[PDB]
Amino acid sequence: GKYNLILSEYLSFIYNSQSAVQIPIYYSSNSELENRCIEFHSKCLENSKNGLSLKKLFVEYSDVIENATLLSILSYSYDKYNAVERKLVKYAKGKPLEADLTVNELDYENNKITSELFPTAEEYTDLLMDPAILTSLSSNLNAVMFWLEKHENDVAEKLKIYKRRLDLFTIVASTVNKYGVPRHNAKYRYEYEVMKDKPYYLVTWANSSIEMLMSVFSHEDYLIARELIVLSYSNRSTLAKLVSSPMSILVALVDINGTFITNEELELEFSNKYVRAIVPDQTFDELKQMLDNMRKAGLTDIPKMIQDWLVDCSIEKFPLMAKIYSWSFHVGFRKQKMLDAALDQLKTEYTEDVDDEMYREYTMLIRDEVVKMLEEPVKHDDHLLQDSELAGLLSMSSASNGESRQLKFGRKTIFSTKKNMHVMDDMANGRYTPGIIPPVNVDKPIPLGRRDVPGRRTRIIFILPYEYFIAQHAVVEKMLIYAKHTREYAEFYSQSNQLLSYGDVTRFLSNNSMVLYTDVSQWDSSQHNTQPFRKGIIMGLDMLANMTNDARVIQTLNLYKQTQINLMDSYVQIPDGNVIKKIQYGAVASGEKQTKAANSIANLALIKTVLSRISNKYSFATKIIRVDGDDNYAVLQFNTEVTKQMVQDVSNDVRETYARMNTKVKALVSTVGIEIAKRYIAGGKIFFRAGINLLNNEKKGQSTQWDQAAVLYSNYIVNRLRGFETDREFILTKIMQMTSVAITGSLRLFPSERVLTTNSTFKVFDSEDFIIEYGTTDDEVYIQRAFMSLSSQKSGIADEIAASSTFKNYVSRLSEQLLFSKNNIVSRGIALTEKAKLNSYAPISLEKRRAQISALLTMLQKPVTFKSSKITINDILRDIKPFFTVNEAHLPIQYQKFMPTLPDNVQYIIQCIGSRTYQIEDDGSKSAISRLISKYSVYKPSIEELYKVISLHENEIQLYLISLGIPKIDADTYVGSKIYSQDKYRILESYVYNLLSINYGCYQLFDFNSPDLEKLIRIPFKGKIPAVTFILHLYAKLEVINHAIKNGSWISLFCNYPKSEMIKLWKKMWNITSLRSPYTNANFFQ
Amino acid sequence: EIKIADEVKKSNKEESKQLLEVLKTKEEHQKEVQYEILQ
Amino acid sequence: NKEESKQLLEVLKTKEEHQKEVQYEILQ
Amino acid sequence: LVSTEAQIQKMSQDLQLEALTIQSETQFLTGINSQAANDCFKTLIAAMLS
Amino acid sequence: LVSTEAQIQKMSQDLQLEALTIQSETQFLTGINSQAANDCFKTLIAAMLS
Amino acid sequence: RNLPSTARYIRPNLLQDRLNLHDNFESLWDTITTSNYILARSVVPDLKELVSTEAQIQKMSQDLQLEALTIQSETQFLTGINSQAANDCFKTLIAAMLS
């Protein structure tokens, strides 16, 4: 109930005029008070529409101001252009900043003036520094300045923060006021005519620097921020790569005293094991050279922090490093050109001096792995291989974005990248031809996409036709199925929903063991991903073809084979200005259904082959190998204790034995630590990277102004948990300015805390971080019932596309390819289902979501709605709440810290209850109703849809399942077995878990199966109503946890819930009408 | 519409409400089986 | 400058001395 | 004393309640609270003395 | 073959399941499809001949 | 390696407790015994492989024939079954008997 005050103060500060008037609007669940609210509304509109003072009425209707619930605030203020400068002149009396063109290697990667690089607008491009975000620089400046103004009179540590951030904002605003502010257009782009006379990279620098200075709480933070903001103004290509590089070595210097272990995907079992750090001497020289480059670039304080730490190498002072490791990724993206970014990859040194003893073993191991993956289904004639075509044709929605192509659905033209739509187009014009796989050669080279991530190189993405997906789908899915239970594949080994996110290194760490970890992200243009890689798979396919008797399977195998033939010679469209280059690239990259598992295979075989050469000079026992994409690690144990020289010699031998296969590598050997893309360990403690740029994005998505605010709050939560903390008030200011909507040129609306923090498709944040909020009140129930009535909307584009002829043809062909003679009973179901996967096409989603937002705004303006009894979650919690009783408890501390970077309250919880050990279906996949869909398809259906489907008669369940590609006999068998009554409970478990973010955010990190949390939860047992006791225990757990988070202390609970209410609620169970947004989830693991 | 006295319907005692819920459940089970048979 | 740099090289030698190496070195 | 809520946990687990059954044993839990044990302990002694 | 849904409805009736317990009996229905009956019939004979 | 007769070595003094600190120095013996306990915890092996914690609890539940979704209530048989406790007990028992 404080957010709205900051909204009011922001409004008062930004507008400031006599003409600027401020108009709240309220609502109440009680009829009489509601009519009094309507009255208040009326009188407010009139008085505003008559230039009368509003401050007078606010007293007469004090009751509405005190007890009713706010929605929004209007604002009447005219243009009043250029007020940003009229505020900013005061914070800019320092000196502006001068670029240095001789810092970056290239010419255009310097922060020089646009006209010095793009005299003509016809060759101008804002794409090398496009923020790609629907929020303005002026927004950011207003927010920063408002924060500075409200914290302009405090005298405490807060003032020590204020002086620091004020100096930083001075550094920024001096540079800005030297020239001026670029003005955003309607599309939030920045045209030539504003940047024509200004530095090209001022905007990205500005946003990143604002984001940093809003994340300064200490002296060392100030040093880091002042040392990057002034250097990120010129260097924009060689900065995050620099400071983020030494970290990989530092982790190899921290002695373990206490460890965490893994067993199964979230299991832990700590160890009091002590392990030293046998680091050789030459890596210190490496680190010294790295710090010398760091100083040579112009860095003084941050080498000093990295230099004074090495005297002790302690893990208590170490989070600074981790903090530093996150301060590198909040400087921005290196959005350079497609060409020069590709040439980071497209440099090749291919030689007729490598072994053949090595490549032949490599090829053979790949062959054998392929056969191990595919022996059983190829032999037992599995349905998904026979009908691989239709399987891929249904799962096209889970594919990559094909090249843009001009379609027409009756009487329109569309430029979709979605491959299902391509298939729909090509079926009509006789072009659908899945057996003829297109070549990829001089006559038809491949486009590209760029996979970026700051502080690293740019990776490339193939953008293929839609035949390759269809061919690869079924076989790669069977390969994944094989890899679910294989230990060595760390991208997949789990129990059907989790990943090995905590790593599996620390089992066999000891004084006798070592571990070699290695980055393998540059190994795409390499000589070992060309011919041998492809030919191994071709050989395996030949074996498998001779290992089957059915013909559909052999056809599928021959198509996957021919795909591998064609990918062996592959050219690449890359523009450079007007003309287009096409380069011979007979190698591997992403943009394929195959790249992930196949790269894991090839890296596994490669390391198995190399690791049998150290054996020529050492005796060791390979304990564990793991491969996950852009890294891989193998642990190995010796007959004796480890020394520095064995580490050195093992590393040199690994490097040279990779060189024998013409393979570059920074070989890294250690005893306690690793560093990889997604995580890293020091001293037996897992850290994470907090590198998510908020005010700058990688590319331009398709969501609205609204949803990006939710995304930004989620990224804030993530980075906070990671360690990188930004001042929350800034985030709230951005959220209000991004949820602000213009009803006219001068009318503008601003929603409130009770619209943005309520569980719906419009949730954006929470009043208290790390805590979803529910509703015990009339009013939250009231607006939630209201908003569910409005979430369901239409898209005319989808309606007209689905009414054309090509859509009908596609449905007809699906049918007669699956089943026939029910053209008006099931086929409509399949068309209705295809509608569910047209919505992936972005303009459809925009039409529908903008419609929802408009419907929301046309009831923020006018009074409120009763919504007609539609049951939701807060309806249930409203009835559960009045039979609780809290009492102060006191739990002790008995669980170990292993994620230091967390906030101290979350850690206090982890330090009092356990960390999670299981994982329940967030997608409802293990449910026996879902194991049919996961057998004949990949499709998700959301747990809302399943939760509804079970509530229906036993008839339409069959139609709904058949519409998802399933046949009729197994659906009939599912209904006859009566397993859905055995599956209501699993579906509801997953539903309730998804609604309340238990597997999304902080609550993903907590053990609710604990004995310690449970002894507080004293709910006696009644029996024969499982849903009620389930929700009761869950809700009580959430109560205890939220009280803990917001107040630290603990409490007990008690609910002697009457049987009458048990039964009254049992029927409200499977009639819930609620829904939560995808954009609101904040996965701690990205 | 239940076939039991006024003072039991309006009874705010727990056992009365438990009774009423039980009886409603009995009725609805009987209706479910009848509707099935008619289907 | 570089005097302190050589001291940085040096102070990371005396610390963390391993025993097997000095044994084989005494013998060798 | 023993805590009322833990003792009700134990009694409920021992009695094997059922939320879909008119049990007589559900009434065993009525008024177990403290402030009554005190009252009875006090009343008996006060009455036997006076 | 006998109708899968019919045979398995009969199995359900002859097992007298419950919607409110775990019932190891339930696992008996695990994988009673066709296409595996044929697979076993084929696998046994081809193994014993080969 | 073979070591010559030119070589030498010094023997430690491993003569037992001349003080009998287990005779009425309980505050010191508490510290000594705690030190040896925590040292012994650092050498007891971790239980590298077990049976999974959810593939067990369903077998237990069907043996017990429990109401559905009692998993989150943990009918008292099923409380604190996790690993991170089995290793803890295995470690504690041995380290205690040693110290």
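This text gives an overview of the structure that appears in the document. (Residues numbered from 1 in each chain as written, not as in the entry; some residues may be left out. Chains lettered and ligands numbered in written order. Part of a larger assembly, values for the part shown. Heavy atoms only, no water. Residues with missing side-chain atoms left out of burial classes, pairs and counts.)

Further remarks concern the packing of helix α40 (residues 984-995) of chain A against helix α42 (residues 1026-1047) of chain A. The geometry of a pair of packed helices is captured by two quantities: the angle between their axes and the separation between those axes. Residue and element names in this part refer to chain A. Across the interface, α40 lies against α42 with an axial gap of 11 Å and an inter-helix angle of 25°. Judged on the interaxial angle alone, α42 and α40 are roughly parallel. Like other packed secondary-structure pairs, α40 and α42 cross with a definite hand, here right-handed. Judged by residue contacts, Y985, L988, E989, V992 and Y993 of α40 engage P1026, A1027, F1030 and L1034 from α42. Grouping the amino acids of the contact of α40 with α42 by side-chain chemistry returns eight nonpolar, no polar and one charged. (Axes fitted to C-alpha atoms, helices over the stretch in contact; angles between N-to-C directions. Helix = DSSP H or I, 4+ residues; strand = E, 2+ residues; numbered from the N terminus. Parallel < 35°, antiparallel > 145°, perpendicular 65-115°, else oblique. Left-handed = near helix turned anticlockwise from the far one by under 90°. Contact = heavy atoms within 4.5 Å. Nonpolar A, V, L, I, M, F, W, Y, C, P; charged D, E, K, R; others polar.)

A few words on the packing of aromatic side chains. How two aromatic rings sit relative to each other is given by the distance of their centres and the angle of their planes. All names here are of chain A. Following the criterion strictly, the structure yields 44 aromatic pairs over all chains and no others. Relative to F762, the ring of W706 lies with its centre 5.9 Å away and its plane at 70°, an arrangement referred to as edge-to-face. Taken together, the positions of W706 in helix α26 (residues 705-722) and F762 in the loop between α28 (753-756) and α29 (778-791) put the pair 56 residues apart, joining distant regions of the chain. Judged by relative accessible area, which is 8%, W706 ranks as buried. By relative accessible area, which is 1% here, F762 ends up buried. (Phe/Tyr/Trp six-rings, centres within 6.5 Å; stacked < 30°, edge-to-face > 60°. Buried < 20%, exposed > 50% of the residue type's maximum accessible area, 1.4 Å probe, protein only.)

Here we take up the sheet that holds strand β17 (residues 747-751) of chain A. Residues and elements named next belong to chain A. If you walk across this open sheet you meet the four strands as β1-β2-β17-β16, and the pairing is antiparallel. The outermost strands of the open sheet, each flanked by one partner alone, are β1 (21-27) and β16 (741-742). Judged from the two bridges that link them, β16 and β17 form a sheet pairing that is antiparallel. Its bridge partner lying in β17, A742 is registered against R748. Packed onto the sheet, helix α1 (residues 3-15) meets β1, β2 (69-76) and β17 and runs at close to 155° relative to β17. (Pairing = 2+ DSSP bridges.)

We now examine a negative patch on the surface. Residue and element names in this part refer to chain B. Taken together, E27, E28, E32 and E36 make up a surface patch of like negative charges. Here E27 is to be found in helix α2 (residues 14-38). When its relative accessible area of 34% is taken as the criterion, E27 is described as partly exposed. (Patch = residues over 30% accessible without salt bridge, like charges linked within 9 Å, V, L, I, M, F, W, Y side chains within 5 Å. Areas by Shrake-Rupley, 256 points an atom, 1.4 Å probe, with all protein chains shown as cover. Salt bridge = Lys/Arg side-chain N within 4 Å of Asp/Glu carboxyl O. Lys, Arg positive; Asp, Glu negative; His and termini not counted. Charge placed at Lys NZ, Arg CZ, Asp CG, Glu CD.)

As a further point, take the environment of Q7 of chain D. With respect to the element layout, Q7 of chain D can be found in helix α1 (residues 4-15). A distance of 3.1 Å separates polar atoms of two side chains, one belonging to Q7 of chain D and the other to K10 of chain D. (Polar contact = N/O pair within 3.5 Å; in protein donor to acceptor, adjacent residues only side chain to side chain.)

Residues and elements named next belong to chain A. Ranked by size, the top nonpolar core spans 253 residues in total, and within it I735 and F1006 carry the most contacts. Among the elements that take part in this core, α42 stands out by supplying 13 residues, more than any other. If near-sequence neighbours (up to four positions away) are discounted, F1006 is found in contact with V906, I909, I910, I913, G914, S915, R916 and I1041. By size, the runner-up hydrophobic cluster in this structure holds 63 residues, among which are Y560, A597, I625 and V627. (Core = buried A, V, L, I, M, F, W, Y, C linked by side-chain atoms within 4.5 Å.)

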